[PDB]
């Protein structure tokens, strides 16, 4: 007695799968490859992407105050007129903001 596994499963490696949001890929002069993270304005060598397993059986309008614009050179970027600041990252790709901890001067109850 037993039964065989009915499992169907797809594996897609990192690099068959698109970059996470806010990231961009680039090359050095020497054609070496590296990555830019516009969510925090950093760069590293280490590809952010992760492999994907998946079982098989059983755009939009810019937020208020934001502008999409293009330099003389033809590069695309984003503008916050309510802040007078600029970014490489489409505002629409942002996740919700970090909600700061409650204030030190606030009303609270003690547990430990």
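Residue numbers count along the first chain shown, from 1.
According to the entry, the deposited sequence places 10 or more unmodelled residues between residue 58 and residue 59.
For the pair 67-75 and 44-52, the mean B factor over Cα atoms is greater in 67-75. Sorting the modelled residues of the chain by their CA temperature factor places residue 37 in the lowest third. Remark: residue 11 belongs to the middle third of its chain, ranked by C-alpha B-factor as recorded.
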